[PDB]
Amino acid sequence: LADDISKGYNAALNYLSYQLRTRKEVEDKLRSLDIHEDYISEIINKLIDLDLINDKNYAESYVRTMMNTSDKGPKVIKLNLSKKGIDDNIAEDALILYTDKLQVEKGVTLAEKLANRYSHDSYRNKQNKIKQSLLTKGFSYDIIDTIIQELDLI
């Protein structure tokens, strides 16, 4: 009855007190407890109102985290966000924080390590491997070209 919505609110705050969660993560965590859509929606809106669920904030902190702790570029950061239930629109707004100059600087750092790793290759084969590595990590062609121009300066 009314103890349904109650159990729902309780599990939600347990799940959130620890880590940050996307709306969808909570939206289908209430289902892990067999709570109807009639009630999940009531719980979710209330949580959003109390700012306990906030996808813009989720996406922004994720982006800051990856910028600071990973070697991943915008494209991979975005698909990670999509895999968590973040709207494309919200992910895109959040990715605005990963400025070109910041991407290039992280890319130059990775490129420098790889240059040393492939130090025996020809300049051409060397850059191909580096561009390839940066592409699989999520950086765009233009960003990679700027990284390559930067690396040669070095």
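So that there is no doubt, residue numbering starts at 1 and follows the sequence shown.
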Per the PDB record, is the mean Cα temperature factor higher over 116-124 or over 61-69? 116-124
Which of 144-152 and 4-12 has higher mean CA B factor, as the PDB entry lists it: 4-12
Could you tell me which one of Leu110, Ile40, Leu97, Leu52 shows the highest CA temperature factor in the PDB record? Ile40
So among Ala91, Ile44, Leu33, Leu102, who wins on Cα B-factor in the entry? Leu33
Based on the entry's values, in what third of the chain does the Cα temperature factor of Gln19 lie: lowest, middle or highest? highest
